[PDB]
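J.: Have a look at the structure that comes next, please.
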Amino acid sequence: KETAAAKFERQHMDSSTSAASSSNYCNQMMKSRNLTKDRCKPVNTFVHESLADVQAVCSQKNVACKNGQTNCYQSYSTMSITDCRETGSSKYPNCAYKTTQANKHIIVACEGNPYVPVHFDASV
Ligand SMILES: [Cl-]
Ligand SMILES: [Cl-]
């Protein structure tokens, strides 16, 4: 009951802000995107660009994925992103995250028809 594309959108897209506000962005977004349900998702990145700009990456620079697959693509430009990672004080169900805002290239795995992002691999 979620497509790979839709799961990618939910976990990784935050086009409604230009950049993480505040230290509490990650606590709020990890909860609101339902990434804290039965466990605290340990690590997650949100991208502050339009969905079209992110989708476009699937036609940009083809690079290997960490896992050796060959359907990864690296954004030609940097993009506003926020990395969310659990802190030592995080104990499910009181999940706690460090918010780190940055401008980096993103690397995504793409697939399907239409050929769209299905996994966030990394930022550089
Ligand atoms: Cl979909
Ligand atoms: Cl991630």
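Read the figures in this text as sums done on the coordinates, not as results from a lab. Positions of Cβ are backbone-derived with ideal geometry, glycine not excepted, and every protein chain shown enters the neighbour counts.
J.: As I understand it, the dipole of the chain uses +1 on the Cβ of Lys and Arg and -1 on the Cβ of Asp and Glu, about the Cα centre. Which of 113, 69, 11 lies farthest toward its positive end?
T.: In the chain, that residue is 11.
J.: Right, another one. Could you work out the pair-distance distribution P(r) of the chain from its alpha-carbon pairs, with 5 angstrom bin width and percents rounded to whole numbers?
T.: Percent of Cα pairs in each bin: 2, 12, 22, 23, 19, 14, 7, 2, 0.
J.: Still on this structure, please answer the following. By how many nm would the segment from residue 34 to residue 96 grow when fully extended, if each residue of separation counts as 0.36 nm and the alpha-carbon distance is taken off?
T.: Length gained between residue 34 and residue 96: 20.9 nm.
J.: Enumerate the calculated ³J(HN,Hα) couplings along the stretch 52-63 in order (Karplus 6.51 cos²θ - 1.76 cosθ + 1.60, θ = phi - 60°), each rounded to whole Hz, writing x wherever the residue is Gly or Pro.
T.: With the stated coefficients, the stretch 52-63 comes to 4, 5, 6, 3, 4, 4, 4, 10, 9, 7, 7, 10 Hz.
J.: Now, a different point. Using the charge dipole of the chain (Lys, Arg: +1 at Cβ; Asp, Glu: -1 at Cβ; taken about the Cα centre), state which of 55, 29, 42 has its Cα farthest towards the positive end.
T.: The residue sitting most towards the positive pole is 42.
J.: Given a Förster distance of 22 angstrom, what is the FRET efficiency for residue 18 paired with residue 63, based on the Cβ-Cβ distance and rounded to 0.05?
T.: Efficiency for this residue pair is about 0.25.
J.: Contact order normalised by length for the chain, with contacts defined as Cα pairs under 8 Å and 6 or more residues apart; what percent is it?
T.: Worked out over the chain, it gives 28 percent.
J.: Just tell me which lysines come within less than 16 Å, Cα to Cα, of residue 91; anything on the same chain fewer than 8 places away is out.
T.: 31, 37, 41
J.: Another question, if that's okay. Per-residue HN-Hα couplings for the stretch 10-18, Karplus 6.51 cos²θ - 1.76 cosθ + 1.60 at θ = phi - 60°, whole Hz, x for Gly and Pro?
T.: My calculation for the stretch 10-18 gives 4, 6, 10, 9, 9, 6, 6, 10, 5 Hz in order.
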